Amino acid sequence: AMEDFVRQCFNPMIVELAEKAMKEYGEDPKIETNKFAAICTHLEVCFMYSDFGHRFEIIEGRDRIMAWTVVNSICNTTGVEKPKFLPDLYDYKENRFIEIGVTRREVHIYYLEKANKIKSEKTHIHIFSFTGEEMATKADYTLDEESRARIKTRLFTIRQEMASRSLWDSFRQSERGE
Ligand SMILES: Cc1cc(O)c(=O)c(O)cc1C(=O)O
Ligand SMILES: [Mn+2]
Ligand SMILES: [Mn+2]
């Protein structure tokens with residue numbers, strides 16, 4: 001049911017990118033169905049965020065070779081510190097990487113996990129929940145209210161579609177994909 005749900009509510013490119021990523025690391029998306037849904041969800045949010053501005057460089061969704069090529073290449077032309085971990089976007093207006101978090105838990109909680117994981121980076125953090133809460137570094141939310149409203153609407157809709165299908169309770173308790 002969860003596998004059908006994802007093949008039906010995300011566009012084939014997101015599904016294929018997610019499915020490929022899982023199968024390369026030896027994860028079956030027919031088994032790790034919550035993870036599958038989360039990877040698709042987070043991918044879609046990153047694509048939506050980029051699309052609301054050539055203000056953003058999409059790093060998430062690329063193979064590792066291309067992602068590091070995009071990163072090293074931004075760093076050499078801007079001078080900005082090289083992150084330890086692949087972030088999700090680069091913002092050419094504010095001249096900072098963005099790490100995008102999508103969480104079934106509280107936003108402050110997942111914010112802290114992110115901020116701790118990348119403690120020594122100057123990467124901007126933007127957390128979304130499936131409840132329409134966000135939290136971002138210095139309460140700087142990067143996007144305009146409308147672009148953020150679209151993302152929150154899309155995430156709430158995924159939640160409710162999952163609930164229509166009696167999948168939400170599994171998904172929200174499953175913390176995998178975070
Ligand atoms: C959990 C995780 C979450 C992310 O938001 C992310 O952007 C990412 O690139 C990777 C992972 C991850 O599986 O390490
Ligand atoms: Mn990422
Ligand atoms: Mn992310």
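Note that the numbers count up from 1, one per residue, in the order the chain is shown.
Any Cβ shown, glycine's included, is placed from N, Cα and C.
Swiss-Prot assigns the feature motif 'Nuclear localization signal 1 (NLS1)' to residues 104-119, out of the candidate ranges 24-39, 88-103, 104-119. Long-range contacts of the motif 'Nuclear localization signal 1 (NLS1)' (104-119) within the same chain: residues 83-85, 87, 125, 127-130, 133-135, 171-175, 178, each at least 6 residues beyond the stretch ends and with a Cβ under 8 Å from a Cβ of the stretch. Only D88, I100, in sequence order, out of the recorded positions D88, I100, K114 have a CB under 6 Å from ligand 3. In the three-state DSSP scheme, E99 (Mn(2+) 1 binding site) falls into the strand class.
When the binding-site residues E60, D88, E99 are compared by the number of other C-beta atoms lying within 10 angstroms of their own C-beta, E60 comes out lowest.
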